[PDB]
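> Model the following, please.
(6 chains, ligands or ions: 42)
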Amino acid sequence: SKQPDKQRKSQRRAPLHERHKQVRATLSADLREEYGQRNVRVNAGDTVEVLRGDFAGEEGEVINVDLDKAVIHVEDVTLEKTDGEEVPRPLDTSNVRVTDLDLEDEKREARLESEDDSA
Amino acid sequence: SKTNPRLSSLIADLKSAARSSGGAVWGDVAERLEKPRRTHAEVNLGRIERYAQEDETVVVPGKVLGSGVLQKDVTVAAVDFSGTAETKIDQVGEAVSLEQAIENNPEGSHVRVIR
Amino acid sequence: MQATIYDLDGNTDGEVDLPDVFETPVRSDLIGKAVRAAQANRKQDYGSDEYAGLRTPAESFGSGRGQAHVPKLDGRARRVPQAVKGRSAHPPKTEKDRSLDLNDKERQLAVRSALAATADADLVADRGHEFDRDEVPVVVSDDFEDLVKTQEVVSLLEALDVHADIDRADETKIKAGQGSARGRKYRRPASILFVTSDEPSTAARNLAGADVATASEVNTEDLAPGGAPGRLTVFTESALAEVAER
Amino acid sequence: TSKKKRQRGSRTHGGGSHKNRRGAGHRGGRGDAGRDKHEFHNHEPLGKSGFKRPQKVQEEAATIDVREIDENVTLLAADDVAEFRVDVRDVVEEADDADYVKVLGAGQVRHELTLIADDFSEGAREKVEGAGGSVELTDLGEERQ
RNA sequence: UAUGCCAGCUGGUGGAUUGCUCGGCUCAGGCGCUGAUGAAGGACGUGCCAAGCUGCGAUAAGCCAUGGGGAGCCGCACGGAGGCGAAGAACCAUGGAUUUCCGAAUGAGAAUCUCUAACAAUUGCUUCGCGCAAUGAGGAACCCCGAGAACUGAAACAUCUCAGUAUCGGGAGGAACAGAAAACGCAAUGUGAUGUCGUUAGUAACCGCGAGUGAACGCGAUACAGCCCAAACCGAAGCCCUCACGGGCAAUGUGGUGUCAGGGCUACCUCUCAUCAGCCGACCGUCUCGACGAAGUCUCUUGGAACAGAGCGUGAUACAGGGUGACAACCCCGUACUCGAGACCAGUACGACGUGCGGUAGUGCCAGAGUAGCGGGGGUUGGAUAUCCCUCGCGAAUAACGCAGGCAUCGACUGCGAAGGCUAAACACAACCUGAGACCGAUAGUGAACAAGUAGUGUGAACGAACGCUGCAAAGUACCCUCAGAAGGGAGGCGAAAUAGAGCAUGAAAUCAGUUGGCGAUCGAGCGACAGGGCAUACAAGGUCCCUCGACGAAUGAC
RNA sequence: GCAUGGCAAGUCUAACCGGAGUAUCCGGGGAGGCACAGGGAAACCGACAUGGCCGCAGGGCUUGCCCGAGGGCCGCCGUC
Ligand SMILES: [Cl-]
Ligand SMILES: [Cl-]
Ligand SMILES: [Cl-]
Ligand SMILES: [Mg+2]
Ligand SMILES: [Mg+2]
Ligand SMILES: [Mg+2]
Ligand SMILES: [Mg+2]
Ligand SMILES: [Mg+2]
Ligand SMILES: [Mg+2]
Ligand SMILES: [Mg+2]
Ligand SMILES: [Mg+2]
Ligand SMILES: [Mg+2]
Ligand SMILES: [Mg+2]
Ligand SMILES: [Mg+2]
Ligand SMILES: [Mg+2]
Ligand SMILES: [Mg+2]
Ligand SMILES: [Mg+2]
Ligand SMILES: [Mg+2]
Ligand SMILES: [Mg+2]
Ligand SMILES: [Mg+2]
Ligand SMILES: [Mg+2]
Ligand code: NA
Ligand code: NA
Ligand code: NA
Ligand code: NA
Ligand code: NA
Ligand code: NA
Ligand code: NA
Ligand code: NA
Ligand code: NA
Ligand code: NA
Ligand code: NA
Ligand code: NA
Ligand code: NA
Ligand code: NA
Ligand code: NA
Ligand code: NA
Ligand code: NA
Ligand code: NA
Ligand code: NA
Ligand code: NA
Ligand code: NA
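Residues are numbered from 1 along each chain as shown, chains lettered A, B, ... in the order given. Ligands and ions are numbered 1, 2, ... in the order given. Pasting the structure now:
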């Protein structure tokens, strides 16, 4: 589909498992070197650095990853509510860079290392 | 509202020559070419043969076609000739472009108009 | 006339005779007509539903209630063209023939003439192409067909002082209007046409604004995009030769 | 700019009284209606005329005039030269779906010609002989009596 | 100067405009049957809280297996509480479980419930027992067989035309139908099943010979494919059910042979590579899906945000398209390249197994009857004497015969064998999948971008709308005052912006409130045009204008 | 009918086939149509590649006098 309507449609109606690819982020030079991938599916364990928003520059640990809305919560990247409470300011993986990985998953690390599959 | 840039130019040249040189045939041909294509000349050899005469350039304000036979050794000048016409003519005379006629003879002299 | 063949380094390497067709008198009108036809012939047939707005039993009350005689249903006007939700009077129609014919003679002639346009440095400059060369078209050794990396074709071009044209086509235009909503958001200048002989240049095709074509079927569109004669082309020793009989 | 393009704002689009352009009444009826009454003008008259012979009882002669043959004798280098001799059947196009080839006598004959066909007209023979030529009738031509 | 007129300014009303597209419309390729093993459709259920939609079915937004996938998840749906997931969940693929009631609805009855073992009904086989089976109904259209208008055209109208159309009855499939000459009839020393496409041709033919109607052979293409009975001659050598036993069928003939390259029979020659039956069984291609997949997120400025400007650099068999806080090949999905899987092609092609082809001479042994054909009456067609069919009556031959070749009869010539049967591929449609676009862009385009065949109307058949847009992020306004108040208002807070504050982008006109300029309570009505005065006017985008005098000075032209 | 454009005693392909960059496009395909002769119901027959005169444009000459396409008037030819 080269047609915009279909492009956007498929992206918005992609089943859960096909949404993982929507929360992917570029890997630091060191890591790309180490695993032979340009980016990865950000997990709630990784550490990441903000490259584009009003928070560009800051780093933090990924606190949450929503597959439905394709967005992540990074620790300390928040908004000041009226009542004074502090809440997370969703971020698009595309303006983010992974600097550290949580590889507590045998499976995740496997995929990461293998050269025939990406994580 | 002619479309052919070439036909268009040819006509401009025909004029410039009729104005400059004392030519009157060139300005005459220009006027016929400016007229609708349907009024243009479509002449077959059979006719040229019938009214032309050596040493007098035959001027066809149109196109020359190859039906019929030509024996006279005449010089014919048209806007265009079918491939058969130009072949049949160069056999006994010479098929020439009007752009050449205008240069070799800007005075439009010793010319016979045929349509 | 003569054609200066170039080796993959950009150095002169002999020269062949420029076939006669490149002497065919440039006829932009015919060229234009051939491009128009090609562009129309690929347009898709469309038209509104045959029954759009007619799916109703609406009727007009006629005189008597101080109302215009307009068919209505459930007190709502319907069917007629001047009625919201009514049929479209004279809409687009699937049946319409949106194709254009063209005499093979007239078309081949335009192909020849487009070819010829390629051999005139001035025309090619007017068409707008950017380059610092005197001879044109650019003829190259058949070894070109063996290239594989785009980057290598770039170097060759830079050596041939022609890369400036791709620099020109290296700019996309985001179109004004809704074409955008139909997937026609962008558009870009046309750059170099590479005509080979065995197969289109895989190595050159992705180049900004470039188009690749083969001598046996290269056409008026590639030769003269948008009906405008004089496209900065680069033939293949063999290509150049093939083209001569088209 | 075309005429149609200039119609917006003319109201009547060139029809005159807005009362004119309605239905077939403005045409005097649908199609050829009244070809015999109000619009009889310029309609071939009513009536039957003659008869036709069943299609498969009809013969179609492929014709050609001496003038054509003669005008291209030289050009027909791929055809017998003698004291020229040409079989018409090989010259005339459409000479296959034709029931037979016939030469007609239109024009001149400036060469001595030996013509072979299925049929000729007086004019054709006279002219061909008068130029020191001969006309040979084909075996098919053997249908004269 | 009240009531008020004209124009503007601020605010409103309203929702046009511009921008945007989760929807349409259209074309294209692929694919294509479901149902008594109870479908399609409907009803009612089913969630912690659950009204709608979706899913599902008392195992009820689900249960199992295998593969994929992966750190997240608990549908649309962003709440609250709680829960599930490394015992690999979610999610996807295939297969399997469950699958209420009505529904062809089939035990019987019934507005979705009820009453006391059920293929109801009609059939085939039959162990004559519902024992074994069939049918029923659905489906976007397409297809095939029957029934069959009128408006309209003819400028009226009746034949004719609309039209074998609309509509109605019956039925199949994934395609249908047709199909291997009692053909053609460029008449031939010729072609050789059938559809379809292009043409033949608005030709021939029809027709108040008006209006109108309208083929075929052939040709060029697409795709190709050819066979089986009946009978003669044999005569139980046969077939079905069952593991078997055993049963049933069958001399009113199962089975062999045979089918115009006529056959059979008798005597011979030679041979099989035809055909038919059964076995095996794809490649390629095409459609869809998937794996992998290069290169910046560097400097300065502007900005809320760089996807902007300037600078520096990179990939490209990849500069299609999309996403991302603004114009992104290099930030993300993808895209080129390579590879894998399913489906279709196709139980087809190829291969192989069995069978046996063919030829000579003799032989009046065999070869489809209410048929061929004629007549009465109609329908239909271009079919005219010469289309196809229906109905009533009549009615033949037997290959030594018969039918046809566009009137009848007889002869010749040429073609060909009806009254039995089957048949792949090429063609139609568009439900389903996918792709596409000089189509529309929210009064458009579907009726339907939204609860859409929804809300709602009608006893019913049926009819049938309107409603898209906060923001980069909810940061969706804490706290205080007021108030009968979770209303509203004030003050305040967020944000680049709240004149982005919730049907919240922009925000036209008609129009309303307040207000500024002009006019105004002694005066007249197409509301203006062109002249000329008053008053009024920030900048910008126009910069001219006034008087003395003097120069020039057409027609005209004095005191 | 017209204007423009291609080719010209010719001209154009249709369905369809192959290629490809795969609805475009390159190549192939002339079946067939129209034009190349008409007249006649039909049978059937079958025409001036110019013989004479005016004469526009244009050309020529020794400056009204020649040559004069196209055009106009006749002849003559085919057929009923
Ligand atoms: Cl002529
Ligand atoms: Cl006739
Ligand atoms: Cl035939
Ligand atoms: Mg890896
Ligand atoms: Mg509408
Ligand atoms: Mg616009
Ligand atoms: Mg008006
Ligand atoms: Mg029941
Ligand atoms: Mg009536
Ligand atoms: Mg009438
Ligand atoms: Mg059919
Ligand atoms: Mg009448
Ligand atoms: Mg009819
Ligand atoms: Mg026929
Ligand atoms: Mg048998
Ligand atoms: Mg009828
Ligand atoms: Mg609508
Ligand atoms: Mg009622
Ligand atoms: Mg608003
Ligand atoms: Mg007063
Ligand atoms: Mg032919
Ligand atoms: Na409706
Ligand atoms: Na009214
Ligand atoms: Na069309
Ligand atoms: Na008019
Ligand atoms: Na009118
Ligand atoms: Na009429
Ligand atoms: Na009359
Ligand atoms: Na399907
Ligand atoms: Na609910
Ligand atoms: Na189920
Ligand atoms: Na049953
Ligand atoms: Na029973
Ligand atoms: Na009428
Ligand atoms: Na009447
Ligand atoms: Na009639
Ligand atoms: Na033939
Ligand atoms: Na981004
Ligand atoms: Na009868
Ligand atoms: Na026959
Ligand atoms: Na709307
Ligand atoms: Na032809």
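> and for the longest helix along chain A, what are the contacting residues?
If you go by DSSP state H, chain A has its longest helix at helix A:4-13. Helix A:4-13 is contacted by residues A:1, A:22, C:180, C:181, C:182, C:183, C:185 when judged by Cβ atoms under 8 Å, 6 or more residues apart in numbering or on different chains. C-beta coordinates here come from the backbone N, C-alpha and C atoms, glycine included.
> Of the residues you listed, grab the buried ones for ChimeraX.
If you want just the buried ones from those in ChimeraX, going by 16 or more other Cβ atoms under 10 Å in any protein chain shown, the selection is:
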select /A:22
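> Now go through the contacts of helix A:4-13 and say which are in strands.
Among the contacts of helix A:4-13, no member is found in strands (DSSP state E).
> For ligand 27, state which of the contacts of helix A:4-13 is nearest.
For the contacts of helix A:4-13, the residue nearest ligand 27 by Cβ to the ion is residue C:182; the value is 47.3 Å.
> what number of residues lie near the residue nearest to that closest one when sequence neighbours are not counted?
Closest residue in space to residue C:182, ignoring its immediate chain neighbours: residue A:3 at 7.3 Å, by Cβ to Cβ, 6 or more residues apart in numbering or on different chains. For residue A:3, the neighbour count with other Cβ atoms under 10 Å in any protein chain shown is 12.
> Can you report phi and psi for residue A:3?
When read as degrees, to the nearest 10, the backbone of residue A:3 gives phi -80, psi 120.
> Might one say that it is in contact with residue C:181?
No. The criterion here is Cβ atoms under 8 Å, and residue A:3 misses it with residue C:181 at 9.5 Å.
> tell me the strands in the chain, going along the chain?
Using chain A here. Going by DSSP E, chain A shows strands at A:24-27, A:39-41, A:47-50, A:59-66, A:71-74, A:78-80, A:86-88, A:96-100.
> Please refer instead to chain D.
Ranges of strands within chain D are D:61-65, D:85-87, D:100-104, D:114-117, D:119-120, D:134-137, based on DSSP E.
> what does chain C give?
C:2-3, C:16-17, C:72-73, C:76-77, C:138-140, C:173-174, C:186-187, C:193-196, C:211-214, C:233-236.
> Nearest to residue D:63, out of these?
strand C:211-214 (48.8 Å; Cβ to Cβ).
> do the closest one and RNA strand F meet at all?
Yes. Counting by Cβ under 7 Å from any atom of the strand, RNA strand F has neighbours in strand C:211-214: C:211, C:213, C:214.
> burial measure for residue C:106, as a count.
Using other Cβ under 10 Å, residue C:106 has 14 other residues around it.
> Repeat that for the one 4 residues further on.
Residues near residue C:110, counting by other Cβ under 10 Å, number 28.
> same thing with residue D:67?
Residues near residue D:67, counting by other Cβ under 10 Å: 18.
> Could you do the one 10 residues further on as well?
By the other Cβ under 10 Å criterion, the neighbourhood of residue D:77 contains 7 residues.
> Relative to residue D:108, how far out is it?
21 Å (Cβ to Cβ, to the nearest Å).
> Going along the chain, name the helices of chain C.
C:28-41, C:104-117, C:121-126, C:150-159, C:163-169, C:202-205, C:220-223, C:237-243.
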